[PDB]
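Worksheet: one structure, shown below.
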Amino acid sequence: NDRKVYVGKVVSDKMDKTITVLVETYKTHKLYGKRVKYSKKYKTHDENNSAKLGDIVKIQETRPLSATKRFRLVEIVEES
Amino acid sequence: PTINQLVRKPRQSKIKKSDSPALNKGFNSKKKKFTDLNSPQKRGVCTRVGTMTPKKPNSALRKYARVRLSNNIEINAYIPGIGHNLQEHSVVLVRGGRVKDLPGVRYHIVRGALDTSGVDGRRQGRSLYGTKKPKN
Amino acid sequence: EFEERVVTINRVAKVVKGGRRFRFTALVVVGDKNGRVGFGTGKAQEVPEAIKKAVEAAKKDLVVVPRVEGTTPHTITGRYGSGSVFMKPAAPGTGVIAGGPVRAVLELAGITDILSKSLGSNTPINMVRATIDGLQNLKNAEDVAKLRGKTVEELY
Amino acid sequence: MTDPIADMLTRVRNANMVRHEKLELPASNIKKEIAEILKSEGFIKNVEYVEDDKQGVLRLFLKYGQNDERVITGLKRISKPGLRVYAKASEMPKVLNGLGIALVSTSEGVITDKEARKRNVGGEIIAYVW
RNA sequence: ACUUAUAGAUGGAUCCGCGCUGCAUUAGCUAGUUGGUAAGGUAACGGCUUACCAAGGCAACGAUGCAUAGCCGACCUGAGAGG
RNA sequence: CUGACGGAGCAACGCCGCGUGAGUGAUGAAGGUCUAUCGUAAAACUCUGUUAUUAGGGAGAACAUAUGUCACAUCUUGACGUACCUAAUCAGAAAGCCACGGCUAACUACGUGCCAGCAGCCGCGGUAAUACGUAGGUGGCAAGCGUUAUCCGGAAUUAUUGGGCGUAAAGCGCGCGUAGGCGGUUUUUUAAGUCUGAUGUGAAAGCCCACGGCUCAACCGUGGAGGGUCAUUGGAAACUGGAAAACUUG
RNA sequence: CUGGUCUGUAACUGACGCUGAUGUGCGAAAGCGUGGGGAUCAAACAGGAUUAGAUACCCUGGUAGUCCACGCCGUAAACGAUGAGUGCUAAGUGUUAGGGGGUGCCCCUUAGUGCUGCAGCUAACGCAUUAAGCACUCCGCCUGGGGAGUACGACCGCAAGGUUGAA
């Protein structure tokens, strides 16, 4: 039983690695059936690196080792 | 009939209100606020007798009852039948709802019902305005 | 013989320069128990032989159920205005379900074995039309393939 | 022009209303599939493929049968961009107890309503043409 | 028949997930909103009180408030979705 | 020690186990709506134990250092412990039914002269209530008569299957117009997903089923339907999907 | 002074994206902003007059307004009660400045309108090569009637006021 390759994109950040990655998925509602796409926000972190202005990455579900943040993974696409 | 804005924006059902809103209720005094109950059975204790004259559709004469329910409000009744209970101050079994042709009244009497028995001029009814122990 | 069951018995009058004239509006069902029923416009003021007055002129308009073996081969929810009916095949002993005088064009056809309901309307002036169109959209077991352009066994 | 076949579909039945044929229509790579696999059942006068680039031109030339009556009595698509309804190849429905046919793309090449039932292949199964 | 290096286990669960309802008469967003950085400590990582600094983190997507507040084999029940 | 679990006045609350009349009977009366009707009414004869005089009432079931040497055991288990109670068995009645026409399923009328008054949507008495006061019952019934009100398919008056546009009960003041629902042609780089699936095949008492214990009904059980991408990620690029462009007349 | 509209094909670029709740909003005399405010008619009505029945649609005249270059708007039968992408099964026809072939002579939509109206649907009706019919569309409303916008109400706002909302 291993740990996924959760991915996403980035929006903004604050002092000394208040890092994050975006979360999203393909799925629908149970009632009126439309392919409307949807999202919710996450909490990863680095030293200062995985951050705003382009950090398309991966994330994890592990021991956070964090305040209320939860992730340790960054497996990327590219940078800007 | 387009489904995009249907989870954006929903629809309604019809619009209806149930029957006898000031009924199926037992008024508080300890906590002062009513109970939404829909009880099977209930009582009726009397304040007046009551009668209004102008009847077009029938165009005969017959009175009704003005019986107050709990603790200061107007509650009104009617006696559908050929039996006149020249009485008051009773303790009864309620009948819920209105019979045809009287507006606003929704409260009635079961045959017998602990107060009296009924108009004893009936013996064929065996099941109307007081009729117990009737040879079938 | 037609089982000559009275369909519907309706009153109108025509207001005049004197005492208005009543009449009785009626027809008859003309049922071979094979699938067709027509009607006679027995426009008159008599109740019992308006049944007969439709047995007179009925045969101008009867149309066929392209019968399948106690059934219909394909499924229908049509209507030529409002009155609609739903029709399907079914096992040849099913129980019979119907509304008005279309107990005289479902129970009097080469089927009897359905799940048939009248979708929406069910009146003496819609049940007929409802079932009439239901039956006008049918076909036998060897003829779609020609306006199509093959043999029918070329669909499964 | 976002669906390159959309109205063109029922334009069969909305062109042959009184069994008529003067309607030339535009193309696709499935307007090299819409009118090419029911000629498998003698349904068209001629659509051999589209002979142009840029998804061009095509004579619709809708064959009409021997009873004079609507080769295509009625017809709807139930598969359009904006209406995406995807089902499996098992309970592909009974298209008027099997009286109609379907011609559609699959998850393993190209099939019909004669293949989904005996190959377990297909995606957005489209319509009921009769 | 005593006390220990050790155990299979007990309610649990340190916790992960989808389980996890309504009120638009409630969006310019809480100062901890973003998350890294503590002497600490619960069989249990860690803004959990504290440890250090910058917020526009928000952002017109429900932040948040917010009203009944158990769920789940049960029962009448649909053809079936289940409701 | 049970006050955890047990022993029950039992409420005709659930509904059943069935018992309160028989072989019945010529049309049979002294006739109760109508003026032949329910009259095959009746009687006075016989049939069943099953209610009732008694009786013996022992249904389940295996308990235990020393008995000799966690598999385990005798000289150790009847308040309800009396049930199945065939039991001869007399005759130990199964209250009473509604509206009383036609729909909700009902039969006719004297009372009634609009005085009281009938009435589940429809609906009735002013001088023939085929409604009412009341009176012998046919449609349903015998542990059952009118009522009490909750969501179910029915309600297709949610529209997930099953929603109107000019008109019921409904369309943009529009130049404007963020988010995004949707969002050209062809090849597409994708190799995720759907095609669907090897696998995991991890239990269910019962499942899409049925059946076996049981005076049949209150009270228990084989589980072949794998436990519902659960312990592995797929091959079909035909595409919403890391997304390179070309076509142009739109 | 002033754009587009584009009527013919499209020179350039090789998708050059559709309903459009963010915003902005803005839209009839009057209601609204300058003092002009009378050419003086029209409200009130001064006033007569009436069949049995008039301050009156009638009647000369009569104080906002009737003669407006500046703040912002919005209720009307916006009765246009028609919401906008894709074509469409006879085309003619009235024809439009302006035109594909052309040359006060015959025209077709790359076009435009109003249509008699084939053809086929909707629901009784109407649309129709120049479509409510059939196919991909969004803000959505509607899903038997009132009363009901009356407790009460939330937010715009110079003003009519809006714009909300259980019983």
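Going through the structure tokens in order, the chains are called A, B, and so on, while each chain numbers its residues from 1 and the ligands are numbered from 1 in the order shown.
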Against chain D, which residues of chain F fall within 12 Å? For each one I want the closest pair of atoms and the distance in Å (one decimal), counting only C-alpha atoms (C1' of nucleotides), rows by chain and increasing residue number, as a tab-separated table.
residue	atom	partner	partner_atom	distance
F:181	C1'	D:82	CA	8.4
F:182	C1'	D:82	CA	5.8
F:183	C1'	D:2	CA	8.2
F:184	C1'	D:2	CA	5.2
F:185	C1'	D:54	CA	5.0
F:186	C1'	D:54	CA	6.9
F:187	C1'	D:29	CA	10.8
F:193	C1'	D:107	CA	11.4
F:194	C1'	D:123	CA	6.9
F:195	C1'	D:107	CA	4.8
F:196	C1'	D:88	CA	8.2
F:235	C1'	D:108	CA	10.9
F:236	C1'	D:108	CA	4.3
F:237	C1'	D:107	CA	9.3
F:238	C1'	D:109	CA	5.6
F:239	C1'	D:107	CA	9.4
F:240	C1'	D:84	CA	9.0
F:246	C1'	D:54	CA	10.7
F:247	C1'	D:54	CA	5.6
F:248	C1'	D:54	CA	8.1
F:249	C1'	D:54	CA	11.1
F:250	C1'	D:1	CA	8.9
Legend entry - Selection near segment 48-52 of chain E, 10 Å with only C-alpha atoms (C1' of nucleotides), sequence-local residues under 2 positions removed, as a VMD selection string: (chain A and resid 67 to 68) or (chain E and resid 36 to 40 46)
Inset, instruction - Find the residues near residue 108 of chain C: any atom within 7 Å, counting only C-alpha atoms (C1' of nucleotides), skip ones fewer than 3 places away on the same chain, and give them as a list in words. - result: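 The residues satisfying every condition are residues 31, 32, 33, 34, 35, 104 and 105 of chain C.
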Selected residues written out with N, CA, C and O atoms, as an mmCIF file, in the first residue's frame:
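To be explicit, this is the file written out as out.cif:
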data_model
loop_
_atom_site.group_PDB
_atom_site.id
_atom_site.type_symbol
_atom_site.label_atom_id
_atom_site.label_comp_id
_atom_site.auth_asym_id
_atom_site.auth_seq_id
_atom_site.Cartn_x
_atom_site.Cartn_y
_atom_site.Cartn_z
ATOM 1 N N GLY C 31 -65.107 -4.248 -34.043
ATOM 2 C CA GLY C 31 -63.916 -4.994 -33.663
ATOM 3 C C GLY C 31 -63.747 -6.428 -34.128
ATOM 4 O O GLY C 31 -64.338 -7.344 -33.555
ATOM 5 N N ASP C 32 -62.890 -6.649 -35.128
ATOM 6 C CA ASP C 32 -62.647 -7.999 -35.633
ATOM 7 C C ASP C 32 -61.842 -8.876 -34.672
ATOM 8 O O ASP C 32 -61.718 -10.078 -34.940
ATOM 9 N N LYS C 33 -61.324 -8.306 -33.573
ATOM 10 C CA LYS C 33 -60.281 -8.910 -32.729
ATOM 11 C C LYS C 33 -59.030 -9.220 -33.538
ATOM 12 O O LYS C 33 -58.301 -10.170 -33.251
ATOM 13 N N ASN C 34 -58.790 -8.420 -34.573
ATOM 14 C CA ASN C 34 -57.586 -8.538 -35.383
ATOM 15 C C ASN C 34 -56.758 -7.270 -35.465
ATOM 16 O O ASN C 34 -55.586 -7.365 -35.846
ATOM 17 N N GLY C 35 -57.307 -6.098 -35.144
ATOM 18 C CA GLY C 35 -56.445 -4.943 -34.934
ATOM 19 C C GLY C 35 -56.929 -3.586 -35.383
ATOM 20 O O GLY C 35 -56.351 -2.556 -35.019
ATOM 21 N N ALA C 104 -60.707 -1.718 -26.781
ATOM 22 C CA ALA C 104 -61.292 -2.230 -28.006
ATOM 23 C C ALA C 104 -60.384 -2.046 -29.219
ATOM 24 O O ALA C 104 -60.808 -2.342 -30.339
ATOM 25 N N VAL C 105 -59.159 -1.543 -29.037
ATOM 26 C CA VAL C 105 -58.132 -1.611 -30.070
ATOM 27 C C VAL C 105 -56.796 -2.121 -29.549
ATOM 28 O O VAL C 105 -55.807 -2.084 -30.280
#
Inset, instruction - Considering only C-alpha atoms (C1' of nucleotides), state which residue in the set A:14, A:3, A:72, A:58 is at the smallest distance from chain E. - result: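 Between A:14, A:3, A:72, A:58, the residue approaching chain E most closely is A:14.
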Inset, instruction - Please identify all polymer residues within 8 Å of residue 77 of chain D, counting only C-alpha atoms (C1' of nucleotides), omitting same-chain residues fewer than 2 positions from it, and present them as a list in words. - result: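 Using only C-alpha atoms (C1' of nucleotides), the neighbours found are residues 6, 9, 10, 75, 79, 80, 126, 127 and 128 of chain D; 135 of chain G.
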